[PDB]
Amino acid sequence: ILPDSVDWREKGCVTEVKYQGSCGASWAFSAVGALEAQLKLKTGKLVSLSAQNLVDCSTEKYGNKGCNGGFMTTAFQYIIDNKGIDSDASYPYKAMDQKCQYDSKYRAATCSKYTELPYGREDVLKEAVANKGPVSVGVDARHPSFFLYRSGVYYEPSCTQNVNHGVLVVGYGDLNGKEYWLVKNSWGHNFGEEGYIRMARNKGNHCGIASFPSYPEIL
Ligand SMILES: CS(=O)(=O)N1CCc2c(c(-c3ccc(Cl)c(C#Cc4ccc(CNCc5ccc(Cl)cc5)cc4)c3)nn2CCCN2CCN(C3CC3)CC2)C1
């Protein structure tokens with residue numbers, strides 16, 4: 001029996017909204033955000049993890065292209081293979097591709113595995129968000145309405161289920177009975193509601209929010 005609303009910010013599992021600047025690293029921000037929640041769940045500590053670590057080090061071997069895009073799933077695999085990821089403080093974000101400068105001295109988190117969810121299943125995504133934690137997802141953000149979003153529940157008739165932007169589902173609920181996913185973006189505080197966007201939920205995988213969900217775990 002799933003709760004009617006969740007918001008992982010109220011459980012203290014979500015770090016502040018980041019600003020990716022001129023670097024297509026949304027995939028890296030989505031991935032670290034998910035792992036940040038699990039790190040807090042396991043250890044009690046909330047620490048921002050290094051998106052730049054992923055940009056610089058999870059590259060061609062993982063199908064990732066730094067500031068030209070990438071995938072959260074293969075980002076998690078990098079963290080597994082690498083046996084760690086650095087804190088954001090120690091490996092700060094520069095919004096550009098750099099040489100890999102991972103240093104295990106400043107390792108703030110580990111990843112044992114990750115799980116993908118089945119394509120288009122908003123019911124399964126809801127369960128995972130309720131029971132596991134924030135979930136990394138892709139959305140179709142290729143529409144001016146997305147970029148211009150300020151408040152309310154986002155609905156874009158010309159959205160597709162193809163995804164081109166990584167974000168973090170940190171919750172769900174309804175606004176006056178209009179169901180939504182609570183989504184943490186990485187375009188700073190001036191995007192949406194202090195960096196957050198409510199996106200239509202249970203409208204047939206609107207903007208592909210449930211097309212490619214994934215979350216990591218730490219044992
Ligand atoms: C079409 S589809 O939706 O059907 N789909 C096709 C199939 C697909 C899509 C996504 C997916 C899921 C989540 C996200 Cl987030 C993304 C993404 C993204 C993205 C794209 C562009 C940008 C950059 N934006 C423009 C920009 C450029 C430069 C700058 Cl500086 C600034 C901005 C950022 C993020 C993709 N997973 N899979 C399935 C897995 C695909 N692989 C992953 C790894 N492989 C290689 C073996 C390594 C095999 C399989 C997309």
# chains A, B, ... in the order shown; residues from 1 in each chain; ligands from 1
>>> residues_near_ligand(ligand="ligand 1", cutoff="7 Å", atoms="only C-alpha atoms and all ligand atoms", output="PyMOL selection string")
chain A and resi 22-27+61-63+67-72+74+137-139+161-167+212
>>> residues_around(residues="residue 120 in chain A", least_positions_apart="5", cutoff="7 Å", atoms="only C-alpha atoms", output="PyMOL selection string")
chain A and resi 205+210-211
>>> closest_residue(among="A:147, A:8, A:102, A:154", to="residue 174 in chain A", atoms="only C-alpha atoms")
A:154
>>> residues_around(residues="residue 21 in chain A", least_positions_apart="5", cutoff="12 Å", atoms="only C-alpha atoms", output="list in words")
residues 26, 29, 67, 93, 94, 95, 96, 186, 187, 188 and 189 of chain A
>>> write_last_selection(atoms="N, CA and C atoms", output="CSV table (one decimal), in the first residue's frame")
chain,number,residue,atom,x,y,z
A,26,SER,N,23.7,16.9,-17.3
A,26,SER,CA,22.4,16.5,-16.6
A,26,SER,C,22.4,15.1,-16.2
A,29,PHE,N,24.5,14.8,-13.0
A,29,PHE,CA,23.8,15.3,-11.8
A,29,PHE,C,22.7,14.4,-11.4
A,67,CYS,N,30.4,16.7,-21.3
A,67,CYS,CA,29.5,17.8,-21.5
A,67,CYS,C,28.6,17.7,-22.8
A,93,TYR,N,32.8,21.1,-9.4
A,93,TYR,CA,32.2,21.1,-10.8
A,93,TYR,C,32.6,22.4,-11.5
A,94,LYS,N,33.1,22.2,-12.7
A,94,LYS,CA,33.7,23.2,-13.6
A,94,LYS,C,32.9,23.5,-14.9
A,95,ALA,N,31.9,22.7,-15.1
A,95,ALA,CA,31.1,22.8,-16.4
A,95,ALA,C,32.0,22.7,-17.7
A,96,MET,N,33.0,21.8,-17.6
A,96,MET,CA,33.7,21.5,-18.8
A,96,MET,C,34.4,20.1,-18.7
A,186,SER,N,18.9,20.4,-12.7
A,186,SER,CA,20.2,20.9,-12.4
A,186,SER,C,20.5,22.1,-13.3
A,187,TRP,N,19.5,23.0,-13.4
A,187,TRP,CA,19.6,24.3,-14.1
A,187,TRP,C,19.5,25.4,-13.1
A,188,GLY,N,20.0,25.2,-11.9
A,188,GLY,CA,20.0,26.2,-10.9
A,188,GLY,C,18.6,26.6,-10.3
A,189,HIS,N,18.6,27.5,-9.4
A,189,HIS,CA,17.5,27.9,-8.6
A,189,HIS,C,16.4,28.7,-9.4
>>> closest_residue(among="A:155, A:146, A:191, A:114", to="residue 75 in chain A", atoms="only C-alpha atoms")
A:114
>>> select_by_dssp(residues="range 85-172 of chain A", states="helix (DSSP H, G or I)", output="PDB file with N, CA, C and O atoms, in the first residue's frame")
ATOM      1  N   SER A 104      40.928   8.451  -4.644  1.00  0.00           N
ATOM      2  CA  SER A 104      40.204   7.663  -3.648  1.00  0.00           C
ATOM      3  C   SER A 104      40.349   8.212  -2.229  1.00  0.00           C
ATOM      4  O   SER A 104      39.533   7.901  -1.361  1.00  0.00           O
ATOM      5  N   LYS A 105      41.369   9.028  -1.991  1.00  0.00           N
ATOM      6  CA  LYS A 105      41.515   9.736  -0.718  1.00  0.00           C
ATOM      7  C   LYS A 105      40.213  10.446  -0.319  1.00  0.00           C
ATOM      8  O   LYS A 105      39.814  10.387   0.827  1.00  0.00           O
ATOM      9  N   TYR A 106      39.551  11.091  -1.281  1.00  0.00           N
ATOM     10  CA  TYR A 106      38.327  11.861  -1.025  1.00  0.00           C
ATOM     11  C   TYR A 106      37.018  11.128  -1.420  1.00  0.00           C
ATOM     12  O   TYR A 106      35.965  11.759  -1.583  1.00  0.00           O
ATOM     13  N   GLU A 122       4.723   3.750 -14.903  1.00  0.00           N
ATOM     14  CA  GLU A 122       4.618   4.788 -13.882  1.00  0.00           C
ATOM     15  C   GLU A 122       4.216   4.228 -12.515  1.00  0.00           C
ATOM     16  O   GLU A 122       4.526   4.822 -11.480  1.00  0.00           O
ATOM     17  N   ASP A 123       3.538   3.085 -12.522  1.00  0.00           N
ATOM     18  CA  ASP A 123       3.179   2.388 -11.288  1.00  0.00           C
ATOM     19  C   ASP A 123       4.396   1.799 -10.604  1.00  0.00           C
ATOM     20  O   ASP A 123       4.503   1.835  -9.372  1.00  0.00           O
ATOM     21  N   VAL A 124       5.325   1.279 -11.397  1.00  0.00           N
ATOM     22  CA  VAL A 124       6.551   0.694 -10.846  1.00  0.00           C
ATOM     23  C   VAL A 124       7.473   1.813 -10.361  1.00  0.00           C
ATOM     24  O   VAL A 124       8.121   1.677  -9.322  1.00  0.00           O
ATOM     25  N   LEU A 125       7.520   2.915 -11.107  1.00  0.00           N
ATOM     26  CA  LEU A 125       8.291   4.090 -10.687  1.00  0.00           C
ATOM     27  C   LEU A 125       7.794   4.645  -9.350  1.00  0.00           C
ATOM     28  O   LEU A 125       8.595   5.013  -8.490  1.00  0.00           O
ATOM     29  N   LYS A 126       6.480   4.693  -9.184  1.00  0.00           N
ATOM     30  CA  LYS A 126       5.881   5.174  -7.940  1.00  0.00           C
ATOM     31  C   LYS A 126       6.333   4.315  -6.753  1.00  0.00           C
ATOM     32  O   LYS A 126       6.759   4.843  -5.731  1.00  0.00           O
ATOM     33  N   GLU A 127       6.246   3.000  -6.920  1.00  0.00           N
ATOM     34  CA  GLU A 127       6.696   2.037  -5.916  1.00  0.00           C
ATOM     35  C   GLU A 127       8.147   2.246  -5.546  1.00  0.00           C
ATOM     36  O   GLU A 127       8.482   2.258  -4.367  1.00  0.00           O
ATOM     37  N   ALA A 128       9.006   2.403  -6.554  1.00  0.00           N
ATOM     38  CA  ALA A 128      10.438   2.579  -6.320  1.00  0.00           C
ATOM     39  C   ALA A 128      10.692   3.895  -5.604  1.00  0.00           C
ATOM     40  O   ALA A 128      11.488   3.944  -4.674  1.00  0.00           O
ATOM     41  N   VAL A 129       9.987   4.948  -6.006  1.00  0.00           N
ATOM     42  CA  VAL A 129      10.150   6.246  -5.349  1.00  0.00           C
ATOM     43  C   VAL A 129       9.702   6.165  -3.889  1.00  0.00           C
ATOM     44  O   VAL A 129      10.373   6.701  -3.010  1.00  0.00           O
ATOM     45  N   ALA A 130       8.591   5.477  -3.631  1.00  0.00           N
ATOM     46  CA  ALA A 130       8.087   5.319  -2.263  1.00  0.00           C
ATOM     47  C   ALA A 130       9.011   4.468  -1.400  1.00  0.00           C
ATOM     48  O   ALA A 130       9.319   4.843  -0.280  1.00  0.00           O
ATOM     49  N   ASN A 131       9.470   3.343  -1.946  1.00  0.00           N
ATOM     50  CA  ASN A 131      10.134   2.287  -1.169  1.00  0.00           C
ATOM     51  C   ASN A 131      11.657   2.260  -1.236  1.00  0.00           C
ATOM     52  O   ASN A 131      12.280   1.752  -0.315  1.00  0.00           O
ATOM     53  N   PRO A 144      10.279  24.365 -25.638  1.00  0.00           N
ATOM     54  CA  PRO A 144      10.393  25.642 -24.890  1.00  0.00           C
ATOM     55  C   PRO A 144       9.586  25.692 -23.597  1.00  0.00           C
ATOM     56  O   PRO A 144      10.042  26.296 -22.633  1.00  0.00           O
ATOM     57  N   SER A 145       8.418  25.060 -23.573  1.00  0.00           N
ATOM     58  CA  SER A 145       7.597  25.035 -22.344  1.00  0.00           C
ATOM     59  C   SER A 145       8.348  24.467 -21.106  1.00  0.00           C
ATOM     60  O   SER A 145       8.148  24.910 -19.986  1.00  0.00           O
ATOM     61  N   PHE A 146       9.213  23.481 -21.335  1.00  0.00           N
ATOM     62  CA  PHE A 146       9.984  22.856 -20.259  1.00  0.00           C
ATOM     63  C   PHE A 146      10.958  23.850 -19.653  1.00  0.00           C
ATOM     64  O   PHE A 146      10.988  24.011 -18.441  1.00  0.00           O
ATOM     65  N   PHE A 147      11.708  24.529 -20.516  1.00  0.00           N
ATOM     66  CA  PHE A 147      12.717  25.506 -20.122  1.00  0.00           C
ATOM     67  C   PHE A 147      12.084  26.726 -19.457  1.00  0.00           C
ATOM     68  O   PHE A 147      12.673  27.336 -18.564  1.00  0.00           O
TER      69      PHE A 147
END
>>> closest_residue(among="A:83, A:98, A:136, A:37", to="residue 59 in chain A", atoms="only C-alpha atoms")
A:98
>>> closest_residue(among="A:20, A:204, A:3, A:134", to="residue 41 in chain A", atoms="only C-alpha atoms")
A:134
>>> atom_distance(atom1="CA of residue 169 in chain A", atom2="CA of residue 60 in chain A")
26.6 Å
>>> residues_around(residues="range 46-52 of chain A", least_positions_apart="4", cutoff="10 Å", atoms="only C-alpha atoms", output="short mmCIF file (atom, residue, chain, number, x, y, z; two decimals) with N, CA and C atoms, in the first residue's frame")
data_model
loop_
_atom_site.label_atom_id
_atom_site.label_comp_id
_atom_site.auth_asym_id
_atom_site.auth_seq_id
_atom_site.Cartn_x
_atom_site.Cartn_y
_atom_site.Cartn_z
N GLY A 12 15.19 14.51 4.32
CA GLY A 12 16.59 14.94 4.37
C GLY A 12 17.56 14.21 3.46
N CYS A 13 17.06 13.69 2.34
CA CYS A 13 17.86 12.85 1.43
C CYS A 13 18.31 13.53 0.13
N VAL A 14 18.03 14.82 0.00
CA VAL A 14 18.22 15.55 -1.23
C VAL A 14 19.09 16.77 -0.93
N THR A 15 20.21 16.86 -1.65
CA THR A 15 21.11 18.00 -1.54
C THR A 15 20.54 19.18 -2.33
N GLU A 16 21.16 20.34 -2.17
CA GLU A 16 20.73 21.53 -2.90
C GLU A 16 20.81 21.36 -4.42
N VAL A 17 19.98 22.14 -5.09
CA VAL A 17 19.95 22.18 -6.54
C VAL A 17 21.27 22.72 -7.06
N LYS A 18 21.79 22.06 -8.09
CA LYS A 18 23.04 22.46 -8.72
C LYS A 18 22.75 23.21 -10.02
N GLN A 20 24.31 23.45 -13.82
CA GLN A 20 25.22 22.80 -14.74
C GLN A 20 25.91 23.77 -15.71
N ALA A 25 25.74 17.98 -18.71
CA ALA A 25 26.08 17.00 -17.69
C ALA A 25 24.87 16.60 -16.84
N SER A 26 23.66 16.87 -17.33
CA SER A 26 22.45 16.53 -16.57
C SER A 26 22.43 15.06 -16.15
N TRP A 27 22.92 14.19 -17.03
CA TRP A 27 23.09 12.77 -16.71
C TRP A 27 23.97 12.53 -15.45
N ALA A 28 25.04 13.30 -15.31
CA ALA A 28 25.91 13.15 -14.15
C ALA A 28 25.23 13.67 -12.88
N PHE A 29 24.53 14.81 -12.98
CA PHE A 29 23.79 15.34 -11.84
C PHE A 29 22.66 14.42 -11.40
N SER A 30 21.93 13.85 -12.35
CA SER A 30 20.88 12.87 -12.02
C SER A 30 21.43 11.66 -11.26
N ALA A 31 22.55 11.14 -11.73
CA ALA A 31 23.17 9.97 -11.13
C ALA A 31 23.66 10.26 -9.71
N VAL A 32 24.39 11.35 -9.51
CA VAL A 32 24.91 11.63 -8.17
C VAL A 32 23.77 11.91 -7.19
N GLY A 33 22.74 12.61 -7.65
CA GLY A 33 21.57 12.88 -6.82
C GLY A 33 20.93 11.63 -6.25
N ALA A 34 20.79 10.62 -7.10
CA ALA A 34 20.24 9.34 -6.67
C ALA A 34 21.13 8.68 -5.63
N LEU A 35 22.43 8.69 -5.88
CA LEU A 35 23.38 8.06 -4.96
C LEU A 35 23.47 8.83 -3.65
N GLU A 36 23.37 10.16 -3.72
CA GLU A 36 23.33 11.00 -2.50
C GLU A 36 22.24 10.51 -1.53
N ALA A 37 21.07 10.20 -2.05
CA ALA A 37 19.97 9.72 -1.22
C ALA A 37 20.29 8.39 -0.54
N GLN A 38 20.89 7.48 -1.29
CA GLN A 38 21.22 6.17 -0.74
C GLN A 38 22.33 6.29 0.28
N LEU A 39 23.31 7.15 0.01
CA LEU A 39 24.38 7.43 0.97
C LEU A 39 23.82 7.92 2.30
N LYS A 40 22.85 8.83 2.24
CA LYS A 40 22.20 9.34 3.44
C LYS A 40 21.41 8.23 4.14
N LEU A 41 20.66 7.46 3.37
CA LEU A 41 19.88 6.34 3.90
C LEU A 41 20.75 5.34 4.66
N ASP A 56 34.45 13.71 -16.09
CA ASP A 56 35.84 13.50 -16.47
C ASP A 56 36.24 12.02 -16.61
N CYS A 57 35.68 11.15 -15.78
CA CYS A 57 36.14 9.76 -15.67
C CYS A 57 35.23 8.68 -16.26
N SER A 58 33.91 8.90 -16.26
CA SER A 58 32.98 7.95 -16.88
C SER A 58 32.74 8.40 -18.31
N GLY A 66 30.86 13.26 -21.65
CA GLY A 66 31.04 14.40 -20.75
C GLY A 66 29.97 15.46 -20.91
N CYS A 67 30.38 16.66 -21.34
CA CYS A 67 29.47 17.78 -21.54
C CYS A 67 28.58 17.65 -22.80
N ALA A 75 26.90 5.60 -15.79
CA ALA A 75 27.51 6.37 -14.71
C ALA A 75 27.58 5.55 -13.42
N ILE A 85 33.23 7.21 -5.68
CA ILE A 85 33.05 8.52 -6.27
C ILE A 85 33.46 9.55 -5.22
N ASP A 86 34.13 10.60 -5.67
CA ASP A 86 34.58 11.69 -4.79
C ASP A 86 33.42 12.60 -4.42
N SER A 87 33.56 13.25 -3.27
CA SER A 87 32.65 14.32 -2.85
C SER A 87 32.75 15.47 -3.84
N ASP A 88 31.69 16.25 -3.95
CA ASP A 88 31.68 17.45 -4.78
C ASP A 88 32.68 18.46 -4.23
N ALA A 89 32.80 18.57 -2.91
CA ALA A 89 33.73 19.54 -2.30
C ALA A 89 35.16 19.32 -2.77
N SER A 90 35.58 18.06 -2.81
CA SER A 90 36.95 17.69 -3.15
C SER A 90 37.23 17.66 -4.65
N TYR A 91 36.18 17.42 -5.45
CA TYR A 91 36.31 17.34 -6.90
C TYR A 91 35.20 18.22 -7.49
N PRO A 92 35.37 19.55 -7.36
CA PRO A 92 34.32 20.51 -7.69
C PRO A 92 33.96 20.57 -9.17
N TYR A 93 32.76 21.09 -9.43
CA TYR A 93 32.19 21.13 -10.77
C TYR A 93 32.63 22.39 -11.50
N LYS A 94 33.09 22.19 -12.73
CA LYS A 94 33.66 23.23 -13.57
C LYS A 94 32.94 23.46 -14.88
N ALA A 95 31.86 22.71 -15.14
CA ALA A 95 31.12 22.82 -16.39
C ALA A 95 31.99 22.72 -17.65
N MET A 96 32.98 21.83 -17.61
CA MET A 96 33.75 21.50 -18.80
C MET A 96 34.40 20.15 -18.65
N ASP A 97 34.76 19.56 -19.78
CA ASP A 97 35.48 18.29 -19.81
C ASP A 97 36.92 18.52 -19.37
N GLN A 98 37.38 17.69 -18.45
CA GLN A 98 38.75 17.76 -17.95
C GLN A 98 39.31 16.35 -17.94
N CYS A 100 40.59 13.03 -16.09
CA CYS A 100 40.07 12.35 -14.93
C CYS A 100 41.02 12.59 -13.76
N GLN A 101 40.49 13.12 -12.66
CA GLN A 101 41.30 13.43 -11.50
C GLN A 101 40.72 12.78 -10.25
N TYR A 102 40.08 11.63 -10.42
CA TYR A 102 39.60 10.85 -9.30
C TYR A 102 40.75 10.59 -8.33
N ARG A 107 37.09 9.81 -1.56
CA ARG A 107 35.95 8.96 -1.84
C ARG A 107 34.88 9.22 -0.78
N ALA A 108 33.70 9.66 -1.21
CA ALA A 108 32.58 9.91 -0.29
C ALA A 108 31.47 8.84 -0.38
N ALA A 109 31.49 8.04 -1.43
CA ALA A 109 30.45 7.04 -1.61
C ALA A 109 30.88 5.92 -2.51
#
